[PDB]
Amino acid sequence: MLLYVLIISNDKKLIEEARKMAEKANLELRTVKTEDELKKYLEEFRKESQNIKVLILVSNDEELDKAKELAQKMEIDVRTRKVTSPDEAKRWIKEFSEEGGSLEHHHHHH
C-alpha cells in the first residue's frame with residue numbers, strides 16, 4: 001500500500017513537526033502551497049493509483065473544503081483533516097501509518 005501525506009500550511013514549525021513524523025514513519029510527505037500544487041501532486045499520484053491513500057493536513061476550513069473537492073474530482077482515495085496545531089498534524093500521520101489508512105469515508109455522496 002502506497003501512503004502519501006500532503007500538507008497545506010504556511011507555518012514552517014507546523015510543516016516541520018509533521019514532516020519529521022512522516023520521515024520517522026516512512027511516509028512520503030509533500031509540502032503543498034496552492035490549488036495549483038495540490039492538483040500538481042494529485043496528477044503525480046494518478047500514474048501509480050494502485051492501493052494508494054493520501055492524507056491532506058490543512059490549516060483552515062477554506063483549504064479543508066478546497067482539498068476535499070480537488071480529491072473527489074480526481075477520485076483519489078484521500079482523507080482531508082484540518083489542524084490548528086502541529087501535534088494534531090503529527091497524530092493523523094501516526095494513525096494513517098498504523099491503520100494503513102482506515103475506512104474514514106464518512107461522506108462520499110457528492
# chains A, B, ... in the order shown; residues from 1 in each chain; ligands from 1

$ residues_around --residues "residue 6 of chain A" --least-positions-apart "4" --cutoff "9 Å" --atoms "only C-alpha atoms" --output "PyMOL selection string"
chain A and resi 28-32+38+41+54-58

$ residues_around --residues "residue 10 of chain A" --least-positions-apart "3" --cutoff "12 Å" --atoms "only C-alpha atoms" --output "PyMOL selection string"
chain A and resi 7+13-16+31-34+57-60+63+84+86

$ write_last_selection --atoms "C-alpha atoms" --output "PDB file, in the first residue's frame"
ATOM      1  CA  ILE A   7       0.288  19.373   3.972  1.00  0.00           C
ATOM      2  CA  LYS A  13       7.009  24.979  12.533  1.00  0.00           C
ATOM      3  CA  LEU A  14       3.724  23.052  11.871  1.00  0.00           C
ATOM      4  CA  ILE A  15       5.133  21.797   8.490  1.00  0.00           C
ATOM      5  CA  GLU A  16       8.480  20.663  10.000  1.00  0.00           C
ATOM      6  CA  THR A  31       4.546  20.346   1.206  1.00  0.00           C
ATOM      7  CA  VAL A  32       1.645  21.984  -0.707  1.00  0.00           C
ATOM      8  CA  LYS A  33       1.139  25.764  -1.154  1.00  0.00           C
ATOM      9  CA  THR A  34      -1.796  26.441  -3.536  1.00  0.00           C
ATOM     10  CA  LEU A  57      -3.391  18.257   6.585  1.00  0.00           C
ATOM     11  CA  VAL A  58      -4.732  21.799   6.075  1.00  0.00           C
ATOM     12  CA  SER A  59      -4.656  24.926   8.296  1.00  0.00           C
ATOM     13  CA  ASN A  60      -8.134  26.443   7.692  1.00  0.00           C
ATOM     14  CA  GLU A  63      -8.285  24.641   2.419  1.00  0.00           C
ATOM     15  CA  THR A  84      -4.811  24.334  14.048  1.00  0.00           C
ATOM     16  CA  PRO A  86       1.374  20.738  14.880  1.00  0.00           C
TER      17      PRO A  86
END

$ atom_distance --atom1 "atom CA of residue 4 of chain A" --atom2 "atom CA of residue 43 of chain A"
13.2 Å

$ select_by_dssp --residues "segment 20-109 of chain A" --states "helix (DSSP H, G or I)" --output "ChimeraX atom specification"
/A:20-25,35-46,61-73,86-98

$ atom_distance --atom1 "atom CA of residue 79 of chain A" --atom2 "atom CA of residue 12 of chain A"
22.0 Å
